[PDB]
Amino acid sequence: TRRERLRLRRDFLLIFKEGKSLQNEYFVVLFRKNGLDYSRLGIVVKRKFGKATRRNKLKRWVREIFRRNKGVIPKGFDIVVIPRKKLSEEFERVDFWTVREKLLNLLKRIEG
RNA sequence: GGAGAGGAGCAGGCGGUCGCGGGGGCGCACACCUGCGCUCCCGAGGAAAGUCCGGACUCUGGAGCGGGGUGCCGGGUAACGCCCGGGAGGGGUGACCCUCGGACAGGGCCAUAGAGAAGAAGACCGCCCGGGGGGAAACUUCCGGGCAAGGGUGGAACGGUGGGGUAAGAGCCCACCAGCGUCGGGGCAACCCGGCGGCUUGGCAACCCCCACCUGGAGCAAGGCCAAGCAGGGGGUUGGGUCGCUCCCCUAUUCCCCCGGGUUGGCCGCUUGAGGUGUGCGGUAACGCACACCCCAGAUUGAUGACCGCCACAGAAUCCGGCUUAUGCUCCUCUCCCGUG
RNA sequence: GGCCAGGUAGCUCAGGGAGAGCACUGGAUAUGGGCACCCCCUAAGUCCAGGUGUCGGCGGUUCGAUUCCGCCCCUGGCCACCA
Ligand SMILES: [Mg+2]
Ligand SMILES: [Mg+2]
Ligand SMILES: [Mg+2]
Ligand SMILES: [Mg+2]
């Protein structure tokens, strides 16, 4: 859903500068009110996370978590998900349910 | 069965619940441009990779030189540093694998060790002859002369080993060998086979070089178009005109250089191509030709996931040909070895 | 996707027969300290002695390669339109 896909080239700077942030050991989540009746997701994966296979797997998991849990995630925010060094350190050791739990714990705390 | 060499294919599938990317069809709104909404088709790789070669395709005004690349020979190909076949040299019992022009065109470099390393250089331990001296002798000593043959030195010592011949010795002579020169035969050829002959005189060109062949340079962020927006200023014996050098066609601010500020939108390029698959024919093969069938990702923060059930390596970004590296199986050949019918 | 750089003692940097600087380990000795000397402790310093390496890895050429020729690994940077 590309209507659900927020542009990062223009908006990342604005969200970084004007928005809020939440984090845990695996993710940093940046967010800002978008003035819409729905939320939009963006993913920023640092080059150092790895090659296409690895980065694309992470992005797919993130997109899926967001899509399936859209109903419970707060509405009216532009959201940027950023994986942390730790995650890229035990990514192969971290299962899907753990990534889901850790990401949702942050997403559900987006206020207000 | 064991050990090993060459090579071909596949990339866990099939049946379920949700979620994407591009086409098509449809539902509709269309006073235009177009704007959404919901089924059929297709949707990462053998390496998509590293960017090591070769193209195609774009933009830079000409030509020459330099520079760079390839390196036995013959094909194949759009082309290549690739592929196929063949020739020499080497390794392995063997199937097989690896190597590749020229050092009497020239210049330069060979440390250390060693008597001597490029004109033929050299006498270290030595071998033999002719005298003078000492000494009973063995032996020592001095001068004159002859050896590259043994040993030592090396990565290599100016042909190799055996016999004859030498005072002692040398291709001095002869044998087989290696090299070179020729004559003759077979190959398109690289080269091979046979005969004759003095006696022959380092290595490195992944150093410059010589010979033969090929070759501008950038690169899809190439380049073309639309929309949007701010703000200009300082320079040019001229400089710049898609690497350098040399001659040459230009152009004078609108061009180029520096500082500063505006976008950090959308469309084209963007996928049908030296393209796959299936036969038939030619060719040792690589591959070519003929006919038939097919449409096989085109994203632009960048599309393939999660749950269930019987059994790796890693993700296209302009597209192809090949190389190299990363990696899980399965099958087909042939070689040697133990053991049996 | 493409195009360039660079990888040397721990760190910064030189350059076809492996070095400087900071630095570390010792010995010397207070004008520091146990008290005041004797005796002894500690070395910021100052003397001196050195300690030391797959040349980013793995092959090839060469009798020898930091230098030459291949590939692989790691670390940085550059690109688009407007005027
Ligand atoms: Mg059996
Ligand atoms: Mg690539
Ligand atoms: Mg000799
Ligand atoms: Mg440009």
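- Method of determination for the deposited model, per the PDB record: X-ray crystallography, at 3.80 Å resolution.

1. What about the environment of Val29?
- Relative to the helices and strands, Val29 is located in strand β2 (residues 27-33).
- Discounting chain neighbours no more than four positions away, the residues touching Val29 are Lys20, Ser21, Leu22, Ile79, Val80, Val81, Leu103, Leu106, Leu107 and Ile110.

2. Quick notes on helix α4 (residues 96-107)
- With twelve residues, α4 should reach 16 Å at 1.5 Å per residue; the first-to-last C-alpha distance of 16 Å fits that figure.
- Turning to α4, the residues buried within the fold contact β1 (20-23), β2, α2 (52-68) and β4 (77-83).

3. Side note on the protein's contact with RNA strand B
- The environment of RNA strand B is formed by 20 residues, the closest being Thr1, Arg2, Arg7, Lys57 and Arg68.
- Counting only atoms of RNA strand B within 4 Å of the protein, the sugar-phosphate share comes to 74%.
- At 3.0 Å from a phosphate oxygen of RNA strand B is found a side-chain nitrogen or oxygen belonging to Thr53.
- Within the contact set of RNA strand B, a phosphate oxygen lies 2.8 Å away from a side-chain nitrogen or oxygen of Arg60.
- Sorting the residues of the surface near RNA strand B by element identifies α1 (8-18) and α2 as the ones contributing at least two each.
- Top element by residues in the surface near RNA strand B is α2. It accounts for eleven residues.
- Counted by class, the surface near RNA strand B contains three nonpolar, three polar and 14 charged residues.

4. Concerning the pattern of salt bridges
- In this structure the tally under the stated criterion is six salt bridges.
- A salt bridge links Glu4 to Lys70; the nearest nitrogen and oxygen atoms lie 3.4 Å apart. Highlighted residues: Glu4 in the segment before α1 and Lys70 in the loop between α2 and β4, separated in sequence by 66 residues.
- A residue is classified by how much of its surface remains accessible, and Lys70, at 16% relative accessible area, is buried.
- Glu25 is the salt-bridge partner of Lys102, the closest N and O atoms lying 2.7 Å from each other. Here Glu25 lies in the loop between β1 and β2 and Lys102 lies in helix α4, a separation of 77 residues in the sequence.

5. Quick look at unusual backbone geometry
- A cis amide bond links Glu111 with the next residue in sequence, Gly112, at an omega value of -5°.
- You can see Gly112 is positioned in the segment after α4.

6. Some remarks on the sheet that holds β4
- Strand order in the open sheet formed by four strands is β1-β2-β4-β3, with mixed pairing between adjacent strands. Each edge of the open sheet carries a strand with a single partner, namely β1 and β3 (40-43). Each adjacent strand pair in this sheet contributes to an overall mean axis angle of 20°, direction not counted.
- Where β3 lies against β4, four bridges are found, and the strand directions are parallel. Directly across from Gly42, in β4, lies its bridge partner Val80.
- Of the strands in this sheet, β2, β3 and β4 touch α2, which is tilted by about 165° from β3.
- The strands touched by α4 within the sheet are β1, β2 and β4, with β2 carrying the most contacts at an inclination of about 35°.

Reading the values: rules and limits
Residues numbered from 1 in each chain as written, not as in the entry; some residues may be left out. Chains lettered and ligands numbered in written order. Heavy atoms only, no water. Helix = DSSP H or I, 4+ residues; strand = E, 2+ residues; numbered from the N terminus. Contact = heavy atoms within 4.5 Å. Expected span 1.5 Å × (residues − 1). Near = heavy atom within 4 Å. Polar contact = N/O pair within 3.5 Å; in protein donor to acceptor, adjacent residues only side chain to side chain. Nonpolar A, V, L, I, M, F, W, Y, C, P; charged D, E, K, R; others polar. Salt bridge = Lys/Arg side-chain N within 4 Å of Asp/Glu carboxyl O. Buried < 20%, exposed > 50% of the residue type's maximum accessible area, 1.4 Å probe, protein only. Pairing = 2+ DSSP bridges. Axes fitted to C-alpha atoms, helices over the stretch in contact; angles between N-to-C directions.

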